[PDB]
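**Q** In the first instance, please consider these chains from the complex; the rest will follow:
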Amino acid sequence: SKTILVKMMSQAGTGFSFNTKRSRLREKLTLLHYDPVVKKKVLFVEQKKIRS
């Protein structure tokens, strides 16, 4: 079992990306992070795969 590193972009329109380690067999991940640009919790979705 190998994990995948994916970059998540904010859904608030601001440009903010933080990488998160994810299991390969899992589907697309969607979290609730906290971007300082808007100073409020906003939805984050998986955008790109960078490292395995």
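**A** Cool, got the structure. Numbering: from 1, shown residues only, chains lettered A, B, ... in the order given.
**Q** From here on, just use CA atoms for contacts and neighbour counts.
**A** OK.
**Q** got the residue ranges for the strands in chain A?
**A** A:3-10, A:17-23, A:30-35, A:40-51 (DSSP state E).
**Q** Throw the ones you listed into JSON lines and include mean neighbour count, thanks.
**A** Output for those, formatted as JSON lines (neighbours: other CA atoms under 10 Å):
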{"stretch": "strand A:3-10", "mean neighbour count": "18"}
{"stretch": "strand A:17-23", "mean neighbour count": "14"}
{"stretch": "strand A:30-35", "mean neighbour count": "14"}
{"stretch": "strand A:40-51", "mean neighbour count": "14"}
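**Q** got the contact list for stretch A:28-43?
**A** Residues from elsewhere that reach stretch A:28-43 (CA atoms under 8 Å, 6 or more residues apart in numbering): A:10, A:11, A:12, A:14, A:16, A:22, A:44, A:45, A:46.
**Q** my read: the fifth one touches residue A:44, true?
**A** No. Counting by CA atoms under 8 Å, residue A:16 sits too far from residue A:44 to count as a contact (9.5 Å).
**Q** can you list residues touching both of those two?
**A** With CA under 8 Å, 6+ apart, residue A:16 and residue A:44 have common neighbours A:9, A:10.
**Q** On the strand side of things, show who the residue nearest in space to the middle of chain A bridges to.
**A** Among the residues of chain A, the one closest to the centroid is residue A:8, at 2.4 Å (CA atoms, centre = their mean). Beta-bridge partners recorded for residue A:8 (DSSP bridges): residue A:18, residue A:46.
**Q** List the contacts of it.
**A** A:17, A:18, A:19, A:20, A:44, A:45, A:46, A:47, A:48.
**Q** hmm, try it at 7 Å
**A** Residue A:8 makes contact with A:17, A:18, A:19, A:44, A:45, A:46, A:47 under the criterion CA atoms under 7 Å, 6 or more residues apart in numbering.
**Q** gap between the fourth one and residue A:1?
**A** Just to be clear, that refers to residue A:44. To residue A:1, residue A:44 is 25 Å away according to CA to CA, to the nearest Å.
**Q** Likewise for the fifth one?
**A** To residue A:1, residue A:45 is 23 Å away according to CA to CA.
**Q** and what of the third one?
**A** Between residue A:19 and residue A:1 the distance, using CA to CA, works out to 20 Å.
**Q** And for stretch A:9-21, what's in contact with it?
**A** Contacts for stretch A:9-21 (CA under 7 Å, 6+ apart): A:3-8, A:35, A:42-47.
**Q** what's the span of that stretch, first residue to last?
**A** 14 Å.
**Q** Any idea how far it is from the middle of the chain?
**A** Centroid displacement of stretch A:9-21 relative to its chain, using CA atoms, centre = their mean, to the nearest Å, is 6 Å.
**Q** same thing with stretch A:7-26?
**A** 1 Å.
**Q** Chain B goes on too:
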Amino acid sequence: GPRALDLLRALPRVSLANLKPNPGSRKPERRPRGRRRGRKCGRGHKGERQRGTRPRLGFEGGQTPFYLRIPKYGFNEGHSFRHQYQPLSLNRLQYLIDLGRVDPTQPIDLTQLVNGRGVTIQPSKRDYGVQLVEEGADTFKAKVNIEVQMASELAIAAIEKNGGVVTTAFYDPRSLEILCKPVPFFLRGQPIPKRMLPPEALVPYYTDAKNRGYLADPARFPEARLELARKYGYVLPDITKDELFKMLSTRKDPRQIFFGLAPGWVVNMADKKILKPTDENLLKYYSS
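**A** Take a look at chain B, now in place beside the chains above:
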């Protein structure tokens, strides 16, 4: 006064036979001769010490050096193109006037400051003039018409309180070298060239009336001057009613370097005469 001169009458005459250097001025040299400095001469015993083949400076013996394991960042990125301004404090400006180094009767600009040994400008080291700082704004009681290359809000307010005039002008390094050292330029036998325009980066600074820019619209100066007077709570003097209004209103054309001189003029210092061109193309080029 010099009571030691009385002692010299009794002592013999001073000649080359009896002269001694000041004690301690010449430390003696140590040569590698004798038991002490001998058989090793202060080098060591074997290795790269005694044979003089130690590595370069900053090499830690195969290990990555300290100056190579630090990531590059731009601290001196483009430093050779950043503009530098020599600071002039109002404490020093007051000091120069009190000692007669400069005079407020005559208009003061960068040239008069250099001749007064107030500030030294090196055009080669990317110096674009003198900036006025507000270190001595509280004790500034002089009334001058000073022209600098950069000014602060408090420095301008302090001068305008006494009834002075502050104006900021831009000088190209080609022109600034001529301005700071006029006499050496006049000995090069070349016509006075036009002063170049500020670059696109420095246009807003010299165009706004808040900085008293030389290229600013004069109609907005009186309203900008009163804003400073209101802000700092000092009554704005009526400069037009002073007897030195003609001197205080003197300015320079943006294409002009010195007071009363024009581009294209050749100063023949030997004959104390000024030469002027006559051709239409020469006059147009030096006046456009």
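**Q** once more on the contacts of residue A:8, with chain B this time?
**A** With contacts defined as CA atoms under 7 Å, 6 or more residues apart in numbering or on different chains, residue A:8 is in contact with A:17, A:18, A:19, A:44, A:45, A:46, A:47.
**Q** would you turn those into TSV with distance to residue B:285?
**A** Compiled in TSV, the contacts of residue A:8 are given as follows (distance: CA to CA, whole Å):
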residue	distance to residue B:285
A:17	57
A:18	60
A:19	62
A:44	64
A:45	65
A:46	64
A:47	61
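**Q** And the residues you listed, which is closest to residue B:190?
**A** residue A:17 (61.4 Å; CA to CA).
**Q** How much space separates the closest one from residue B:91?
**A** Distance from residue A:17 to residue B:91, by CA to CA: 53 Å.
**Q** next one: residue B:229
**A** 21 Å.
**Q** quick one on the thing from earlier: nearest to residue B:125 among the contacts of residue A:8?
**A** residue A:17 (43.2 Å).
**Q** any idea how far residue A:42 is from that closest one?
**A** 12 Å.
**Q** next one: phi and psi at residue B:246?
**A** When read as degrees, to the nearest 10, the backbone of residue B:246 gives phi -60, psi -40.
**Q** correction: residue B:138
**A** Torsion angles, degrees, to the nearest 10, at residue B:138: phi -70, psi -40.
**Q** show me what contacts residue B:262?
**A** With CA under 7 Å, 6+ apart, residue B:262 has these contacts: residue B:256.
**Q** neighbours around residue B:226, how many?
**A** 15 (other CA atoms under 10 Å in any protein chain shown).
**Q** Work out for me the element the residue nearest to it when sequence neighbours are not counted sits within.
**A** Excluding the flanking residues, the one nearest residue B:226 by CA to CA, 6 or more residues apart in numbering or on different chains is residue B:236, at 6.8 Å. For residue B:236, there is no host helix or strand (DSSP states H and E).
**Q** isn't residue B:236 right next to residue B:229, touching?
**A** Yes. Under the criterion of CA atoms under 7 Å, residue B:236 makes contact with residue B:229 at 5.8 Å.
**Q** Now do the shared contacts for these two.
**A** With CA under 7 Å, 6+ apart, residue B:236 and residue B:229 have no common neighbours.
**Q** Kindly provide the distance from residue B:228 to residue B:218.
**A** Following CA to CA, the distance that separates residue B:228 from residue B:218 is 16 Å.
**Q** swap in residue B:108?
**A** 20 Å.
**Q** These two: which has the busier surroundings?
**A** Remark: of residue B:108 and residue B:218, residue B:108 carries more neighbours, 17 against 11, as counted by other CA under 10 Å.
**Q** Got phi/psi on the more buried one?
**A** Dihedral angles (degrees, to the nearest 10) for residue B:108: phi -110, psi 130.
**Q** Helix, strand, or coil at residue B:226?
**A** Secondary structure, DSSP: H, G, I helix; E, B strand; the rest coil: residue B:226 is helix.
**Q** for residue B:219, same thing?
**A** Residue B:219 ends up helix, using three-state DSSP.
**Q** Also, this goes in as chain C:
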Amino acid sequence: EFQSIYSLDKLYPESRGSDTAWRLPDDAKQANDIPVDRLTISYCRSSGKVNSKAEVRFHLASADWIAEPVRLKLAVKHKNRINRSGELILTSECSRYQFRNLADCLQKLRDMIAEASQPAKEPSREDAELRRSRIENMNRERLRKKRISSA
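**A** One more piece, chain C, placed on the ones above:
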């Protein structure tokens, strides 16, 4: 007498006289706020942290450059700064240069008058100390509820 295509006369044709830049347009701003000639300005320098204390003192009752409703609202809100003799005292300690200290006092005085001048200006706020102040005030009203003949 030298003129070029970049001269001020040829760049701004509307204003050409050299006396234009030194006029005094008193008519443009006739409000004449803060007539500092009637304000008592005192400077006290403390050298050791070096700062210049600049204080502005004036009589609130006789200050005729403010309206009557504004004059009394200053006393209601800023009654903590009012001296015994009715002299409103404002003090600054921010900058070392006394020019900036006096400028800060004038700007602070403008804000005091500006917010008090507007009848509709009545902002409110909630603070951490406001919560306990309300609670300690509510608690002392519990004991006050008894109503029997007093002295």
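**Q** can you check the contacts of residue A:8 again with chain C included?
**A** Residue A:8 neighbours (CA under 7 Å, 6+ apart): A:17, A:18, A:19, A:44, A:45, A:46, A:47.
**Q** The last one touches residue A:5, doesn't it?
**A** What that stands for is residue A:47. No. Between residue A:47 and residue A:5 there is no contact under CA under 7 Å: 10.9 Å.
**Q** rewinding a little: of the contacts of residue A:8, just say which sits nearest to residue C:144.
**A** Using CA to CA, residue A:44 comes nearest to residue C:144 of the contacts of residue A:8, at 55.9 Å.
**Q** For the closest one, give me its contacts.
**A** Residue A:44 neighbours (CA under 7 Å, 6+ apart): A:8, A:9, A:10, A:11, A:30, A:31, A:32, A:33.
**Q** repeat for residue C:34
**A** No residues are in contact with residue C:34 under the rule CA under 7 Å, 6+ apart.
**Q** Same question for the one 5 residues further on.
**A** Contacts were defined as CA under 7 Å, 6+ apart; by that measure residue C:39 touches C:56, C:57, C:58.
**Q** 6 Å instead?
**A** Taking CA atoms under 6 Å, 6 or more residues apart in numbering or on different chains, we find residue C:39 in contact with residue C:58.
**Q** And it, how far from residue C:78?
**A** Counting by CA to CA, the gap from residue C:39 to residue C:78 is 18 Å.
**Q** for residue B:283, same thing?
**A** 69 Å.
**Q** got it, and residue B:58?
**A** Taken as CA to CA, the span from residue B:58 to residue C:78 is 67 Å.
**Q** ditto for residue B:70
**A** 57 Å.
**Q** quick one, which of those two is more surrounded?
**A** Taking neighbours as other CA under 10 Å, residue B:70 and residue C:78 compare with residue C:78 leading, 13 against 8.
**Q** what about the more buried one, distance to chain B?
**A** Using CA to the nearest CA, to the nearest Å, residue C:78 is found at 23 Å from chain B.
**Q** With residue C:103 instead?
**A** 5 Å.
**Q** Next, count neighbours for that residue.
**A** 20.
**Q** Kindly confirm whether my reading is correct that it touches residue B:230.
**A** No. Residue C:103 is beyond contact range of residue B:230, at 8.8 Å (criterion: CA atoms under 6 Å).
**Q** ranges for the helices of chain C?
**A** C:8-11, C:68-77, C:98-117, C:128-144 (DSSP state H).
**Q** possible to save those as CSV with distance to residue B:169?
**A** What follows is these, written out as CSV (distance: least, CA to CA, whole Å):
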stretch, distance to residue B:169
helix C:8-11, 13
helix C:68-77, 46
helix C:98-117, 26
helix C:128-144, 54
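**Q** Tell me which residue lies farthest from the centre of chain B.
**A** residue B:35 (57.0 Å).
**Q** OK, contacts around that one?
**A** No contacts exist for residue B:35 under CA under 6 Å, 6+ apart.
**Q** Alright, calling it a day.
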